[PDB]
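These notes are about the structure you will find just below.
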Amino acid sequence: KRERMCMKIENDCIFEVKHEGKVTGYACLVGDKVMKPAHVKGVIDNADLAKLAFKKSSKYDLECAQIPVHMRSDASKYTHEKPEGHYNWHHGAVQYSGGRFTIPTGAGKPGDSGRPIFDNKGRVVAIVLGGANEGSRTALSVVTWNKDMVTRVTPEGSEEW
Amino acid sequence: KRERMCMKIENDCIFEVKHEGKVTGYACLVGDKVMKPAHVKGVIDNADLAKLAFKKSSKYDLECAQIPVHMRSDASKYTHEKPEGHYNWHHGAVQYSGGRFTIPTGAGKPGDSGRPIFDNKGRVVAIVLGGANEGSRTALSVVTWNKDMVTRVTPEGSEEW
Amino acid sequence: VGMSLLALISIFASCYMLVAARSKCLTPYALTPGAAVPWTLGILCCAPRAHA
């Protein structure tokens, strides 16, 4: 139920970014703005998305652009509330404990950057950039949103994926 | 059920301090900071934790240092709320009444300093230093927390265990 | 020589007292997993620049 809806939303709101023929990151549709991690390199597998003008900002390691009108209905719905507990993800379920996003599985691999972290109701919470090896776990370095502000949370020792 | 979880957390988050071949205290991992009472002298029975630089403050009788990255997932979680009632401990249960920590049996022993007092949910509340013998009971000289401030509570006649 | 030595002693004592006051003001914040109050961080420089 929840997993099926989440994977359908991911299918409808994720575009692969391939460099030299191999995928290196993912750009996702959130609200009405195209969001992609800045540190990854490549081009979006989409004629409409690849031609846009991507705003750059090295402080948040994020690229943003305005989506065209005809993909507005194919974009996720955003939110800013982050209650403590469990959140969905593509490679499982992520845990929010003490202002940190951590992976129960500890199977973080390079090339998964940019995949949104989802809420219970299908809303998007943050964006994955990298993680720091917390032994059996890893603490995620994610870009979230405040009420009206962007913040970047990077645990010590994190590596970009 | 609660006892097994508390013992598991204590096994994964408490280390003995060895000095001259005899145990003098315990060092616990709370949040992201190593904990150790200052008056207790020795070295942590752990190669990784022995090399950390400790920041001493004799006003609160506590020495703290930043935990290594690979032991972060094996550390307890904390809180700053102290509702009236009872709390768990490795030596039984402790009575919290009127802002006082009291030992029902007076079973505390020297060398047991550094054992955290746990919450009903498995969270850490305060770190014990010594006990004051008040008749059959024994009040605890403990290092507790405000929202962001460490406060050292010391009843009259306390002796540093 | 006497005047120069006295001046150096006084300036060293003042600098040491400033450092000790900084350490005493920012000692309780390393014993909690809390924030450093950027208002105090600006006035009182500390080793953690961006982390914690």
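Residue numbering restarts at 1 for every chain of the structure tokens, chains are lettered A, B, ... in their displayed order, and ligands are numbered from 1 as they appear.
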
#### Entry: Non-local contacts of residue 23 (chain C) (12 Å; only C-alpha atoms; under 4 positions in same chain excluded) as an MDAnalysis selection string
(chainID B and resid 55:57) or (chainID C and resid 16:19 27:30 44:47)

Filtering to N, CA and C atoms, could you give me those residues as a CSV table (one decimal), in the first residue's frame?
```csv
chain,number,residue,atom,x,y,z
B,55,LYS,N,38.3,17.7,27.8
B,55,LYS,CA,38.2,19.1,28.3
B,55,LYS,C,37.7,19.1,29.7
B,56,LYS,N,38.6,19.5,30.6
B,56,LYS,CA,38.3,19.4,32.1
B,56,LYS,C,37.6,20.6,32.6
B,57,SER,N,36.7,20.5,33.5
B,57,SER,CA,36.0,21.6,34.2
B,57,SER,C,35.7,21.2,35.6
C,16,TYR,N,46.5,36.4,29.1
C,16,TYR,CA,46.2,35.2,29.7
C,16,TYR,C,44.8,35.3,30.4
C,17,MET,N,44.5,36.4,31.1
C,17,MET,CA,43.2,36.6,31.7
C,17,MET,C,42.1,36.6,30.7
C,18,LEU,N,42.3,37.2,29.6
C,18,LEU,CA,41.2,37.1,28.5
C,18,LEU,C,41.0,35.7,28.1
C,19,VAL,N,42.1,34.9,27.9
C,19,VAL,CA,41.9,33.6,27.4
C,19,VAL,C,41.2,32.7,28.5
C,27,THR,N,33.1,26.9,28.8
C,27,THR,CA,33.3,25.5,29.2
C,27,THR,C,32.0,24.7,29.4
C,28,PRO,N,30.9,25.2,29.8
C,28,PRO,CA,29.7,24.4,30.0
C,28,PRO,C,29.1,23.9,28.7
C,29,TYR,N,29.4,24.6,27.6
C,29,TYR,CA,28.8,24.2,26.3
C,29,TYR,C,29.4,23.0,25.6
C,30,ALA,N,30.5,22.6,26.1
C,30,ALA,CA,31.1,21.3,25.6
C,30,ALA,C,30.7,20.1,26.4
C,44,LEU,N,32.5,35.8,21.3
C,44,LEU,CA,33.5,34.9,21.9
C,44,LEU,C,33.9,33.9,20.9
C,45,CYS,N,35.1,34.0,20.3
C,45,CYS,CA,35.5,33.1,19.3
C,45,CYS,C,35.9,31.7,20.0
C,46,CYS,N,35.5,30.6,19.3
C,46,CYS,CA,35.8,29.3,19.8
C,46,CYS,C,36.3,28.4,18.7
C,47,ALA,N,36.9,27.3,19.1
C,47,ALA,CA,37.5,26.4,18.1
C,47,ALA,C,36.5,25.8,17.1
```

### Task
Mind the document's chain letters and residue numbers, and return as a ChimeraX atom specification the residues of region 23-152 of chain B that DSSP labels helix (DSSP H, G or I).
/B:47-50,69-74

Export, as a tab-separated table (two decimals), in the first residue's frame, the selected residues with N, CA, C and O atoms.
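Final output, saved to out-v4.tsv:
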```tsv
chain	number	residue	atom	x	y	z
B	47	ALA	N	41.31	1.29	23.50
B	47	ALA	CA	42.39	1.94	22.77
B	47	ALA	C	41.91	3.21	22.08
B	47	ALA	O	42.59	4.25	22.12
B	48	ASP	N	40.74	3.16	21.43
B	48	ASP	CA	40.25	4.31	20.69
B	48	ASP	C	39.90	5.47	21.61
B	48	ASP	O	40.25	6.62	21.34
B	49	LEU	N	39.22	5.19	22.72
B	49	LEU	CA	38.77	6.24	23.63
B	49	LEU	C	39.88	6.79	24.50
B	49	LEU	O	39.69	7.84	25.13
B	50	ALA	N	41.03	6.12	24.57
B	50	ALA	CA	42.12	6.60	25.43
B	50	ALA	C	42.85	7.79	24.81
B	50	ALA	O	43.41	8.61	25.54
B	69	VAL	N	33.90	8.84	15.26
B	69	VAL	CA	32.82	8.72	14.29
B	69	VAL	C	32.26	7.30	14.27
B	69	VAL	O	31.05	7.10	14.10
B	70	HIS	N	33.12	6.29	14.46
B	70	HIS	CA	32.69	4.91	14.31
B	70	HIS	C	32.05	4.33	15.57
B	70	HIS	O	31.54	3.20	15.51
B	71	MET	N	32.07	5.05	16.69
B	71	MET	CA	31.33	4.64	17.88
B	71	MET	C	30.06	5.45	18.08
B	71	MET	O	29.42	5.33	19.13
B	72	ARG	N	29.68	6.28	17.10
B	72	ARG	CA	28.51	7.14	17.28
B	72	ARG	C	27.22	6.33	17.36
B	72	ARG	O	26.33	6.68	18.14
B	73	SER	N	27.10	5.27	16.57
B	73	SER	CA	25.88	4.46	16.57
B	73	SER	C	25.75	3.58	17.81
B	73	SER	O	24.67	3.05	18.06
B	74	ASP	N	26.82	3.42	18.59
B	74	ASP	CA	26.80	2.62	19.80
B	74	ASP	C	26.76	3.48	21.06
B	74	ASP	O	27.37	3.15	22.08
```

Dump as JSON lines the rows for residues of chain A within 9 Å of chain C: closest atom pair and distance in Å with one decimal, only C-alpha atoms counted, ordered by chain and rising residue number.
```
{"residue": "A:154", "atom": "CA", "partner": "C:51", "partner_atom": "CA", "distance": 8.9}
{"residue": "A:155", "atom": "CA", "partner": "C:51", "partner_atom": "CA", "distance": 8.6}
{"residue": "A:156", "atom": "CA", "partner": "C:51", "partner_atom": "CA", "distance": 8.1}
```

Keeping only N, CA and C atoms, write the selected residues as an mmCIF file, in the first residue's frame.
```cif
data_model
loop_
_atom_site.group_PDB
_atom_site.id
_atom_site.type_symbol
_atom_site.label_atom_id
_atom_site.label_comp_id
_atom_site.auth_asym_id
_atom_site.auth_seq_id
_atom_site.Cartn_x
_atom_site.Cartn_y
_atom_site.Cartn_z
ATOM 1 N N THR A 154 25.180 18.124 7.622
ATOM 2 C CA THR A 154 26.258 17.223 7.216
ATOM 3 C C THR A 154 26.946 16.643 8.440
ATOM 4 N N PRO A 155 26.747 15.365 8.750
ATOM 5 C CA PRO A 155 27.483 14.755 9.861
ATOM 6 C C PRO A 155 28.960 14.615 9.535
ATOM 7 N N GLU A 156 29.770 14.574 10.592
ATOM 8 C CA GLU A 156 31.215 14.473 10.435
ATOM 9 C C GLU A 156 31.596 13.207 9.679
#
```

### Check: which chain A residues lie within 8 Å of chain B using only C-alpha atoms, as a list in words
residues 133, 134, 135, 136, 137, 156 and 157 of chain A

Put those residues in a file: N, CA and C atoms, as a short mmCIF file (atom, residue, chain, number, x, y, z; two decimals), in the first residue's frame.
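result-v1.cif written:
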```
data_model
loop_
_atom_site.label_atom_id
_atom_site.label_comp_id
_atom_site.auth_asym_id
_atom_site.auth_seq_id
_atom_site.Cartn_x
_atom_site.Cartn_y
_atom_site.Cartn_z
N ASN A 133 30.00 6.89 7.72
CA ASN A 133 29.96 5.50 8.18
C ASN A 133 29.87 5.46 9.70
N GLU A 134 28.67 5.23 10.21
CA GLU A 134 28.42 5.09 11.64
C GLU A 134 28.51 3.63 12.06
N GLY A 135 29.60 2.98 11.66
CA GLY A 135 29.76 1.56 11.91
C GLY A 135 28.72 0.72 11.20
N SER A 136 27.80 0.13 11.96
CA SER A 136 26.70 -0.62 11.36
C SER A 136 25.68 0.28 10.68
N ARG A 137 25.58 1.54 11.09
CA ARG A 137 24.67 2.51 10.51
C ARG A 137 25.48 3.52 9.71
N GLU A 156 29.77 14.57 10.59
CA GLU A 156 31.21 14.47 10.44
C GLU A 156 31.60 13.21 9.68
N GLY A 157 32.57 13.34 8.78
CA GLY A 157 33.07 12.20 8.03
C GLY A 157 32.22 11.77 6.86
#
```

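Computed from the coordinates, the CA of residue 38 (chain C) to CA of residue 50 (chain C) distance equals 10.5 Å.
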
### Long-range neighbours of residue 89 (chain A) as a ChimeraX atom specification, 8 Å cut-off, only C-alpha atoms, 2 positions minimum in chain
/A:87,91-94,116-118

## Note on the structure
Using only C-alpha atoms, the best pick from B:85, B:42, B:98, B:106 as closest to residue 27 (chain B) would be B:42

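The shell of residues at most 12 Å from residue 83 (chain B), with only C-alpha atoms counted and near chain neighbours (fewer than 3 positions) removed, consists of residues 79, 80, 86, 87, 95, 96, 97, 98, 99, 100, 119, 120 and 125 of chain B.
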
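The shortest atom-to-atom distance to residue 67 (chain A), with only C-alpha atoms taken into account, belongs to A:34 out of A:44, A:34, A:53, A:17.
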
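Among the candidates B:35, B:143, B:103, B:9, the residue lying nearest to residue 131 (chain B) is B:103 (atoms considered: only C-alpha atoms).
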